[PDB]
Amino acid sequence: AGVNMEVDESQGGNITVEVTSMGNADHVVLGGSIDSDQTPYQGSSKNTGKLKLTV
Amino acid sequence: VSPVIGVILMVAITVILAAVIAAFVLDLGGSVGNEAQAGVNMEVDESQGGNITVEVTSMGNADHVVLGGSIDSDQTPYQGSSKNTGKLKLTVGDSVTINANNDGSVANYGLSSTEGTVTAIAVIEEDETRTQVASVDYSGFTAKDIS
Amino acid sequence: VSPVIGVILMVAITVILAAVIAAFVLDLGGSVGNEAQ
Amino acid sequence: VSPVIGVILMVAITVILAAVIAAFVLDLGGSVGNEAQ
Amino acid sequence: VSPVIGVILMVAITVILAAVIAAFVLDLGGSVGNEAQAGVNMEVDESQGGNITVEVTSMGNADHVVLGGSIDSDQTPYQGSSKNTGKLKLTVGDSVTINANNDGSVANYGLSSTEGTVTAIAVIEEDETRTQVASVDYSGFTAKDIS
Amino acid sequence: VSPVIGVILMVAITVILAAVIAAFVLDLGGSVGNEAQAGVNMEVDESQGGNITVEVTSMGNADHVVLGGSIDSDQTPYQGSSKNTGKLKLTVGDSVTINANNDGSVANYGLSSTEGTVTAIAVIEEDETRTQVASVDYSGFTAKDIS
Amino acid sequence: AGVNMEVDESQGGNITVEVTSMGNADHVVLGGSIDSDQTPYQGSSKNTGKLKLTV
Amino acid sequence: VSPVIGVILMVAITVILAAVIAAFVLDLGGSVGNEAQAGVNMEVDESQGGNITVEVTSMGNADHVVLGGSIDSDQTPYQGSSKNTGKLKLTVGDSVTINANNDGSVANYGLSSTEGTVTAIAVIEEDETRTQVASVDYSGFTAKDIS
């Protein structure tokens, strides 16, 4: 999959994740430092860090 | 005698296993597919509440362009070629304008959030390939009774 | 056999990477703006 | 028989190595940045 | 019987050898690294003994720029942001001037040879990658008590 | 009875032979090694007897760059970072100039032949891998008392 | 398995281990110079060098 | 005893079969060949009945360029370096002009059809490799007594 992740460093900072191509995958999930207990800052999600990202 | 018969049997096993492996590898060789290409122009007008205008300049190899991201696809976009709903099928020469302001009984003209990202997705219907070709960030908009 | 399958996989990688690069360069092509006079 | 199993195993190695290379090249494709004007 | 057992043993050998080869090739796949990029401006003033001024306009992907070549890093450079020593850490907006003339008890202001090349090297500290981004040749300088 | 005992003995032979073959093939699987990579810049100045300047822009995976070919490694090169002898250890940012002219009692400044090839060799000390990364041809030089 | 190990040489140095593919393995464990008595520097672990790494 | 003798005989069979397979695979390894490369310039002049001019700018690895397609190789082409017949051997610097008009007793100057395709083919005589390097479509020509 082609996933685009970029860091905004201004005023406390934000991380925006976008998917450009699915390749052969079904969905993209986030891992690492994710506190999946909490809802992410706006975006398509509005549910929780247990994302199912698609193009 | 034993070893010759063993050779025979192992050759049979080799034939069957080769058939299986051929099937697997030939399946794996046909799976590479297209990625959609299109030239989509998205621009933000920041004056007086703000508007977003999406235009397509080239189809590349895609069939149509659909919008994603912050789109409130429940509502009709602000004029443009659309006059139907955010479930657009954009093609070269089509112009659609999105607007966060509302109008009387009608809710927002396609934008629910006052800030966010709008993404343009190129679609190939033969494969169901969906590829993101453009995106633009908007902020500082407003949601009021007229535009 | 191995090298043919490797070719296939690298072509897939090429498609994905080309999509990413196309997105970047098309973003960069729309940014030139006006100066007021 | 040995060579067919070897082919299978080398195809598996190819898949893993292709994944690694895809990760590297996709990281390298997102790094180009702006210069201020 | 013998050939079947031989097949078994050769399959075991294949597994072990495949593990070894996988290890080697996966090591070889992670080694490609960065080359440093920076826009360094070096210019020579030829009047009255001559001076060399180094300025950095863009960091690219580097962390800092260090000087090499004919640098006498034992001595402090002629004014500029440095005022410490030829062991510079140049960043965007830093100006350092080098000078072959000396001053009283102080030896040359960074240039030992009257002619030679000064090179600018971009450094990435994560990898210790060092790449030459610019160089300039100087000649006809002088080494006297003042500049 | 005879054939069963023969089967047993041939299985033993198979075990020993498989051990030998495993040893051979595992030795053969560890031998693939590195080739050195470096970006070396070599240029010829053709004016007034001529000079050759060698500069390194990138180390790639090598440890240092050594010169070969027409090098008279008996003699010190013409200025540059070297000031020791043609047995150089070049690294990024190092400049060395070679010159066919001589000076008083000193023989040529690194070039014995008036025409020939100078080659740059990248060295990896872990393996003793030596790989040629660049070469340049020079001709029409001169050998006189000064440069 | 496809395991990615890289060394950061700046300011005392750090080692970051990431797994990109599980292949056929269940988990990845570290060996060699590991002082498994002590907790590793941040990352997903926060427990001890007796890791069970996954993609 | 039987199984040991069977092992011996199967080893002999293995030697013979390995020889056969080696012969086959070594034959298959020498067959990959060249494709011809050349830079051929073909342009159509549409004024006053029309003419086609073919020029070669680079030989690449080919020996000569021959024309194909709509060529009436029975007739001499309109001036140019040729003055012999459509069985050209074009090389860098050669210009040949083709023309569908005829002249008195002479038939067309190389073009029989009023519309069609002319193709340029690069030839390597060592292998007899023939590769198409360029083609151009022409239409709206005429066939009359003069040009």
# chains A, B, ... in the order shown; residues from 1 in each chain; ligands from 1
$ residues_around --residues "residue D:28" --least-positions-apart "4" --cutoff "12 Å" --atoms "only C-alpha atoms" --output "ChimeraX atom specification"
/A:4 /C:17,20-21 /D:21-24,32-33 /E:32-35
$ write_last_selection --atoms "C-alpha atoms" --output "tab-separated table (two decimals), in the first residue's frame"
chain	number	residue	atom	x	y	z
A	4	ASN	CA	1.46	9.10	3.21
C	17	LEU	CA	5.89	4.49	-6.03
C	20	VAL	CA	3.11	8.57	-4.79
C	21	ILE	CA	5.52	10.63	-6.89
D	21	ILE	CA	12.74	-2.84	-0.47
D	22	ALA	CA	9.25	-1.41	-0.99
D	23	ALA	CA	9.34	0.05	2.52
D	24	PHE	CA	12.74	1.65	1.91
D	32	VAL	CA	11.52	16.16	-0.97
D	33	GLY	CA	10.59	19.45	0.68
E	32	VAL	CA	21.50	1.93	0.87
E	33	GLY	CA	21.96	5.30	2.56
E	34	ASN	CA	21.59	9.05	2.14
E	35	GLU	CA	23.83	11.55	0.40
$ residues_around --residues "residue E:101" --least-positions-apart "3" --cutoff "7 Å" --atoms "only C-alpha atoms" --output "PyMOL selection string"
chain E and resi 108-109+142-147
$ write_last_selection --atoms "N, CA, C and O atoms" --output "PDB file, in the first residue's frame"
ATOM      1  N   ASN E 108      47.915  33.078  10.632  1.00  0.00           N
ATOM      2  CA  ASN E 108      46.938  33.344   9.584  1.00  0.00           C
ATOM      3  C   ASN E 108      45.512  33.176  10.093  1.00  0.00           C
ATOM      4  O   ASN E 108      45.251  32.392  11.009  1.00  0.00           O
ATOM      5  N   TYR E 109      44.588  33.925   9.493  1.00  0.00           N
ATOM      6  CA  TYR E 109      43.178  33.815   9.842  1.00  0.00           C
ATOM      7  C   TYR E 109      42.503  32.674   9.090  1.00  0.00           C
ATOM      8  O   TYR E 109      41.473  32.877   8.441  1.00  0.00           O
ATOM      9  N   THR E 142      48.171  36.911   0.062  1.00  0.00           N
ATOM     10  CA  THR E 142      49.382  37.333   0.753  1.00  0.00           C
ATOM     11  C   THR E 142      49.223  37.041   2.239  1.00  0.00           C
ATOM     12  O   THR E 142      48.115  36.828   2.738  1.00  0.00           O
ATOM     13  N   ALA E 143      50.349  37.038   2.952  1.00  0.00           N
ATOM     14  CA  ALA E 143      50.382  36.757   4.388  1.00  0.00           C
ATOM     15  C   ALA E 143      51.201  37.852   5.063  1.00  0.00           C
ATOM     16  O   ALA E 143      52.432  37.774   5.103  1.00  0.00           O
ATOM     17  N   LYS E 144      50.523  38.866   5.596  1.00  0.00           N
ATOM     18  CA  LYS E 144      51.184  40.018   6.188  1.00  0.00           C
ATOM     19  C   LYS E 144      50.490  40.392   7.494  1.00  0.00           C
ATOM     20  O   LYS E 144      49.452  39.834   7.857  1.00  0.00           O
ATOM     21  N   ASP E 145      51.083  41.357   8.201  1.00  0.00           N
ATOM     22  CA  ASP E 145      50.694  41.672   9.573  1.00  0.00           C
ATOM     23  C   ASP E 145      49.278  42.220   9.717  1.00  0.00           C
ATOM     24  O   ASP E 145      48.755  42.218  10.836  1.00  0.00           O
ATOM     25  N   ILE E 146      48.645  42.699   8.647  1.00  0.00           N
ATOM     26  CA  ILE E 146      47.274  43.190   8.762  1.00  0.00           C
ATOM     27  C   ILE E 146      46.553  42.983   7.437  1.00  0.00           C
ATOM     28  O   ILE E 146      47.175  42.647   6.424  1.00  0.00           O
ATOM     29  N   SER E 147      45.238  43.176   7.439  1.00  0.00           N
ATOM     30  CA  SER E 147      44.417  42.911   6.262  1.00  0.00           C
ATOM     31  C   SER E 147      43.779  44.186   5.714  1.00  0.00           C
ATOM     32  O   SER E 147      44.095  45.296   6.143  1.00  0.00           O
TER      33      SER E 147
END
$ closest_atom_pairs --of "chain D" --to "chain E" --cutoff "7 Å" --atoms "only C-alpha atoms" --output "tab-separated table"
residue	atom	partner	partner_atom	distance
D:1	CA	E:7	CA	6.1
D:2	CA	E:11	CA	5.4
D:6	CA	E:14	CA	6.2
D:9	CA	E:18	CA	6.7
D:13	CA	E:22	CA	6.0
D:17	CA	E:26	CA	6.3
D:21	CA	E:29	CA	6.7
$ atom_distance --atom1 "atom CA of residue B:92" --atom2 "atom CA of residue B:41"
10.7 Å
$ select_by_dssp --residues "stretch 19-146 of chain F" --states "strand (DSSP E or B)" --output "MDAnalysis selection string"
chainID F and resid 39:45 51:58 64:69 71 78 90 95:99 103 106 109:111 116:124 129:138
$ interface_residues --of "chain B" --to "chain H" --cutoff "8 Å" --atoms "only C-alpha atoms" --output "tab-separated table (two decimals) with N, CA, C and O atoms, in the first residue's frame"
chain	number	residue	atom	x	y	z
B	1	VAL	N	14.23	-54.17	-8.49
B	1	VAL	CA	15.07	-53.91	-7.28
B	1	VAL	C	14.70	-52.54	-6.69
B	1	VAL	O	14.22	-51.66	-7.40
B	2	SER	N	14.92	-52.38	-5.38
B	2	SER	CA	14.32	-51.27	-4.63
B	2	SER	C	14.69	-49.89	-5.14
B	2	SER	O	13.78	-49.08	-5.39
B	3	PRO	N	15.97	-49.53	-5.31
B	3	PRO	CA	16.29	-48.13	-5.62
B	3	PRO	C	15.74	-47.65	-6.95
B	3	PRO	O	15.38	-46.47	-7.08
B	4	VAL	N	15.61	-48.53	-7.94
B	4	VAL	CA	15.08	-48.11	-9.23
B	4	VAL	C	13.60	-47.78	-9.10
B	4	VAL	O	13.11	-46.78	-9.64
$ calpha_fit_and_write --fixed "chain G" --moving "chain A" --output "compact mmCIF listing (two decimals) with N, CA, C and O atoms, in the first residue's frame"
# COMPACT_ATOMS: atom_id res chain seq x y z
N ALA A 1 11.43 -14.03 8.59
CA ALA A 1 10.84 -12.76 8.98
C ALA A 1 11.70 -11.63 8.42
O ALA A 1 12.91 -11.78 8.25
N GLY A 2 11.05 -10.50 8.13
CA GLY A 2 11.75 -9.30 7.72
C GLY A 2 11.90 -8.31 8.86
O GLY A 2 10.96 -7.57 9.16
N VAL A 3 13.07 -8.28 9.49
CA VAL A 3 13.33 -7.42 10.64
C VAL A 3 14.26 -6.30 10.22
O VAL A 3 15.27 -6.54 9.54
N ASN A 4 13.93 -5.07 10.61
CA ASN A 4 14.72 -3.89 10.29
C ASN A 4 15.40 -3.39 11.55
O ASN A 4 14.74 -3.01 12.51
N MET A 5 16.73 -3.38 11.53
CA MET A 5 17.54 -2.89 12.64
C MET A 5 18.47 -1.81 12.12
O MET A 5 19.19 -2.02 11.14
N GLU A 6 18.47 -0.65 12.78
CA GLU A 6 19.27 0.48 12.37
C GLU A 6 19.90 1.13 13.60
O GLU A 6 19.33 1.12 14.69
N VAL A 7 21.09 1.69 13.40
CA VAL A 7 21.87 2.31 14.47
C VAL A 7 21.90 3.81 14.23
O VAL A 7 22.28 4.26 13.14
N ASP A 8 21.49 4.58 15.23
CA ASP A 8 21.66 6.02 15.24
C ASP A 8 22.94 6.33 16.00
O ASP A 8 23.08 5.97 17.17
N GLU A 9 23.90 6.97 15.32
CA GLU A 9 25.22 7.20 15.89
C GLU A 9 25.36 8.54 16.60
O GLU A 9 26.39 8.77 17.24
N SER A 10 24.37 9.42 16.51
CA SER A 10 24.49 10.75 17.10
C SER A 10 24.24 10.72 18.60
O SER A 10 23.39 9.98 19.10
N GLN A 11 24.99 11.56 19.32
CA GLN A 11 24.77 11.85 20.74
C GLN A 11 24.56 10.57 21.55
O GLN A 11 23.48 10.29 22.08
N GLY A 12 25.63 9.78 21.65
CA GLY A 12 25.63 8.58 22.44
C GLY A 12 25.09 7.35 21.74
O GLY A 12 25.54 6.24 22.03
N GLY A 13 24.13 7.53 20.85
CA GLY A 13 23.69 6.45 19.99
C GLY A 13 22.50 5.69 20.55
O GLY A 13 22.34 5.52 21.75
N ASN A 14 21.66 5.22 19.63
CA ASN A 14 20.49 4.41 19.95
C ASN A 14 20.32 3.35 18.87
O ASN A 14 20.77 3.52 17.74
N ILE A 15 19.66 2.25 19.23
CA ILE A 15 19.34 1.17 18.29
C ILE A 15 17.83 0.99 18.28
O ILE A 15 17.22 0.76 19.33
N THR A 16 17.23 1.08 17.09
CA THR A 16 15.80 0.91 16.90
C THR A 16 15.54 -0.34 16.06
O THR A 16 16.07 -0.46 14.96
N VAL A 17 14.70 -1.23 16.57
CA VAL A 17 14.34 -2.48 15.90
C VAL A 17 12.88 -2.42 15.50
O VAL A 17 12.01 -2.16 16.34
N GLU A 18 12.60 -2.66 14.22
CA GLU A 18 11.24 -2.72 13.70
C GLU A 18 11.09 -3.96 12.83
O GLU A 18 12.02 -4.39 12.16
N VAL A 19 9.88 -4.52 12.85
CA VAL A 19 9.54 -5.71 12.08
C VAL A 19 8.59 -5.31 10.96
O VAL A 19 7.55 -4.68 11.22
N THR A 20 8.94 -5.65 9.73
CA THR A 20 8.11 -5.33 8.58
C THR A 20 7.27 -6.49 8.09
O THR A 20 6.20 -6.27 7.52
N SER A 21 7.72 -7.73 8.28
CA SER A 21 6.96 -8.89 7.83
C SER A 21 7.21 -10.05 8.78
O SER A 21 8.34 -10.29 9.19
N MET A 22 6.13 -10.77 9.10
CA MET A 22 6.22 -11.96 9.95
C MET A 22 6.63 -13.21 9.20
O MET A 22 7.03 -14.19 9.85
N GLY A 23 6.55 -13.23 7.88
CA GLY A 23 6.82 -14.45 7.14
C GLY A 23 5.98 -15.60 7.66
O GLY A 23 4.76 -15.58 7.53
N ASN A 24 6.63 -16.60 8.25
CA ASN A 24 5.95 -17.73 8.86
C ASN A 24 6.18 -17.81 10.36
O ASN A 24 5.67 -18.74 11.00
N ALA A 25 6.92 -16.87 10.94
CA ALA A 25 7.23 -16.89 12.36
C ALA A 25 6.04 -16.41 13.19
O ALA A 25 5.09 -15.81 12.68
N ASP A 26 6.11 -16.69 14.49
CA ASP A 26 5.11 -16.23 15.44
C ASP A 26 5.50 -14.90 16.08
O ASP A 26 4.65 -14.01 16.24
N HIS A 27 6.77 -14.76 16.46
CA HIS A 27 7.26 -13.51 17.04
C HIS A 27 8.77 -13.48 16.86
O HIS A 27 9.40 -14.48 16.53
N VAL A 28 9.34 -12.30 17.08
CA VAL A 28 10.77 -12.07 16.97
C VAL A 28 11.31 -11.71 18.34
O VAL A 28 10.75 -10.85 19.04
N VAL A 29 12.40 -12.37 18.74
CA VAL A 29 13.08 -12.08 20.00
C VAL A 29 14.48 -11.58 19.69
O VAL A 29 15.09 -11.96 18.68
N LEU A 30 14.99 -10.72 20.55
CA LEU A 30 16.33 -10.17 20.40
C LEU A 30 17.35 -11.03 21.15
O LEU A 30 17.05 -11.62 22.20
N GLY A 31 18.56 -11.09 20.61
CA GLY A 31 19.65 -11.81 21.23
C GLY A 31 20.96 -11.08 21.07
O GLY A 31 20.99 -9.94 20.59
N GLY A 32 22.07 -11.72 21.44
CA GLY A 32 23.37 -11.08 21.31
C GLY A 32 23.71 -10.28 22.55
O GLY A 32 23.70 -10.81 23.66
N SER A 33 24.02 -9.00 22.35
CA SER A 33 24.48 -8.12 23.42
C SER A 33 23.36 -7.63 24.33
O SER A 33 23.59 -6.70 25.11
N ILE A 34 22.16 -8.21 24.25
CA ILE A 34 21.02 -7.69 25.00
C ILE A 34 21.23 -7.94 26.49
O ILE A 34 21.46 -9.08 26.92
N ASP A 35 21.15 -6.87 27.28
CA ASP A 35 21.03 -6.98 28.73
C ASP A 35 19.54 -7.05 29.05
O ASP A 35 18.89 -6.05 29.37
N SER A 36 19.00 -8.26 28.98
CA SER A 36 17.56 -8.47 29.15
C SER A 36 17.09 -8.22 30.56
O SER A 36 15.90 -8.43 30.85
N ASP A 37 17.98 -7.78 31.46
CA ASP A 37 17.58 -7.44 32.81
C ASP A 37 16.85 -6.10 32.88
O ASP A 37 16.17 -5.84 33.88
N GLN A 38 16.98 -5.26 31.86
CA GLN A 38 16.58 -3.86 31.94
C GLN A 38 15.55 -3.52 30.87
O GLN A 38 15.50 -4.15 29.81
N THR A 39 14.73 -2.51 31.17
CA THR A 39 13.68 -2.09 30.25
C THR A 39 14.27 -1.30 29.09
O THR A 39 15.14 -0.45 29.31
N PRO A 40 13.82 -1.53 27.86
CA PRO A 40 14.36 -0.77 26.73
C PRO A 40 13.82 0.65 26.67
O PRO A 40 12.80 0.98 27.27
N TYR A 41 14.54 1.49 25.93
CA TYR A 41 14.26 2.92 25.86
C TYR A 41 12.98 3.14 25.06
O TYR A 41 12.98 3.03 23.83
N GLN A 42 11.89 3.45 25.76
CA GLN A 42 10.59 3.69 25.14
C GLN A 42 10.25 2.61 24.12
O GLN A 42 10.59 1.44 24.31
N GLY A 43 9.57 2.98 23.04
CA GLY A 43 9.05 2.01 22.10
C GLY A 43 7.82 1.32 22.67
O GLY A 43 7.32 1.64 23.75
N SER A 44 7.35 0.33 21.92
CA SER A 44 6.17 -0.41 22.32
C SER A 44 6.39 -1.24 23.58
O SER A 44 5.41 -1.72 24.17
N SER A 45 7.64 -1.43 24.01
CA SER A 45 7.94 -2.45 25.00
C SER A 45 7.55 -2.08 26.43
O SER A 45 6.61 -2.66 26.99
N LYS A 46 8.24 -1.10 27.01
CA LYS A 46 8.01 -0.67 28.39
C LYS A 46 7.92 -1.83 29.39
O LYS A 46 7.43 -1.66 30.50
N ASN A 47 8.42 -3.02 29.03
CA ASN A 47 8.43 -4.12 29.98
C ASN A 47 9.83 -4.62 30.31
O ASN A 47 10.25 -4.59 31.47
N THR A 48 10.57 -5.08 29.30
CA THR A 48 11.85 -5.73 29.54
C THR A 48 12.35 -6.30 28.22
O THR A 48 11.59 -6.45 27.26
N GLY A 49 13.65 -6.60 28.17
CA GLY A 49 14.26 -7.14 26.97
C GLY A 49 13.72 -8.49 26.51
O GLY A 49 14.13 -8.98 25.46
N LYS A 50 12.81 -9.09 27.28
CA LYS A 50 12.20 -10.36 26.89
C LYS A 50 11.05 -10.13 25.91
O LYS A 50 9.92 -10.56 26.13
N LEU A 51 11.36 -9.47 24.80
CA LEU A 51 10.34 -8.96 23.91
C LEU A 51 9.62 -10.09 23.17
O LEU A 51 10.13 -11.20 23.01
N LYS A 52 8.41 -9.78 22.72
CA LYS A 52 7.68 -10.55 21.71
C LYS A 52 7.31 -9.56 20.61
O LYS A 52 6.21 -8.99 20.62
N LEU A 53 8.21 -9.35 19.67
CA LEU A 53 7.97 -8.36 18.62
C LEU A 53 7.08 -8.94 17.53
O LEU A 53 7.21 -10.10 17.14
N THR A 54 6.16 -8.11 17.04
CA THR A 54 5.29 -8.43 15.92
C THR A 54 5.26 -7.24 14.98
O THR A 54 5.76 -6.16 15.29
N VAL A 55 4.68 -7.45 13.80
CA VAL A 55 4.65 -6.39 12.79
C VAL A 55 4.01 -5.15 13.39
O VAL A 55 2.96 -5.21 14.04
$ atom_distance --atom1 "atom CA of residue H:38" --atom2 "atom CA of residue H:66"
11.3 Å
$ closest_residue --among "D:11, D:37, D:19, D:27" --to "chain C" --atoms "only C-alpha atoms"
D:11
$ closest_residue --among "B:37, B:74, B:50, B:100" --to "chain A" --atoms "only C-alpha atoms"
B:37
$ interface_residues --of "chain E" --to "chain G" --cutoff "7 Å" --atoms "only C-alpha atoms" --output "MDAnalysis selection string"
chainID E and resid 125:127
$ write_last_selection --atoms "C-alpha atoms" --output "tab-separated table (two decimals), in the first residue's frame"
chain	number	residue	atom	x	y	z
E	125	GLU	CA	25.03	13.07	11.96
E	126	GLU	CA	22.57	10.15	11.95
E	127	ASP	CA	24.66	8.20	9.43
$ atom_distance --atom1 "atom CA of residue B:121" --atom2 "atom CA of residue C:7"
28.3 Å
$ residues_around --residues "residue E:76" --least-positions-apart "6" --cutoff "7 Å" --atoms "only C-alpha atoms" --output "list in words"
residues 83, 84, 85, 86, 109 and 110 of chain E
